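Structure provided below as structure tokens; questions to follow.
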Amino acid sequence: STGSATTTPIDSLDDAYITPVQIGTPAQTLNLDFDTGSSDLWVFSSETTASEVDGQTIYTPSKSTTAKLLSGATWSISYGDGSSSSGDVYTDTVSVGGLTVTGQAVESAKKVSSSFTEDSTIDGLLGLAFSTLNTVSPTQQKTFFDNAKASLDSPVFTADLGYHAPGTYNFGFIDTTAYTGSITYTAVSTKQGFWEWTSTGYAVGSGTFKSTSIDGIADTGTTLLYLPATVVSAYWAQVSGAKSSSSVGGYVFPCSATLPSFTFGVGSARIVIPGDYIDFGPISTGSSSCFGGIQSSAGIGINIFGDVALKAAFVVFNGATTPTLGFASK
């Protein structure tokens, strides 16, 4: 079996991508944020505190004939940005682009932080990292990808994110028309529960490629590219007027400047991120200072290849017994 779903940016800056997901019987369609940096499928629901809901579509388990309360199970998660959510657990049928899993753990939110409430376009998250990160207790639950694995033609999913445009998430097959050249595969370490890999280096604009190992995670749920201070300083040094601002919380640059591209290595292959993808627009409405898409990972403790990097490539997440990541130009 296979699945194929269109993912759409929530705004003009590609801050996040939402994909329609069918939950329950009859289907209730929610727009979820596919997150390869987490392992919980959680949604806004009829149980979420009324004041913490602002425009989201809610999942209503009482209207679903296949919904079953997972007696005693609770969940609590905290994200890298400081946001959080918690609640109880239901099992129900979940479908993504025609691919169906019965008995998927659907985590119903009772409480959500202000960050989620303010994003009216996101109805929840669908975690695609390894099941070891799932927060359901006392019985840890499996991700949608893990549950679908046996039924898939190939144990893979692909991320093909668009730049200011819709993209595609495919499950169980590799679309050979979605990329150019070959796919370069690289080793994944599952030790921390993430799709963790090692980039072979970088180049700024038309500069010389610097071979240096950069350990990081392929994270669809993070908007920006977070890299070591040394790399990030070398990139922003090529932009006239760029500086790190403590008031803003990162590198900013004059909106009038042109941004060089950024190249990252995948084995012997190179993925080029165009300069335009690194522009996140004015820090405030009418401001002439713009926010950079390449930021330091020093305060985070882990390097993150977020949407800025992933949208420049066709990405294969191979969930075989020996997991790998594939990158191709597109």
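Numbering, chain A: per Swiss-Prot, residues 90-419 in sequence.
Determination method: X-ray crystallography, 2.0 Å.
Each Cβ is built from the backbone N, Cα and C atoms, and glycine gets one as well.
Dumping what Swiss-Prot says about this protein:
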{"type": "DOMAIN", "residues": "106-417", "note": "domain 'Peptidase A1'"}
{"type": "ACT_SITE", "residues": "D124", "note": "active site"}
{"type": "ACT_SITE", "residues": "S288", "note": "active site"}
{"type": "DISULFID", "residues": "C344-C379", "note": "disulfide bond"}
If you count Cβ atoms within 10 Å of the Cβ of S288 (active site), leaving out that atom itself, what do you get?
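If we count other Cβ atoms within 10 Å of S288 (active site), we arrive at 22.
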Give the number of CB atoms, excluding that of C379 (disulfide bond) itself, located within 10 Å of its CB.
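So the Cβ neighbour count for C379 (disulfide bond) comes to 22.
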Taking the Cβ of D124 (active site) as centre, how many other Cβ atoms lie within 10 Å?
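There are 22 of them.
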List the same-chain residues at least 6 positions away in sequence whose Cβ sits under 8 Å from the Cβ of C344 (disulfide bond), in sequence order, or say none.
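Result: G370, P371, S376, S377, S378, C379.
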What three-state class does DSSP give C379 (disulfide bond)?
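Where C379 (disulfide bond) sits, the three-state DSSP reduction gives strand.
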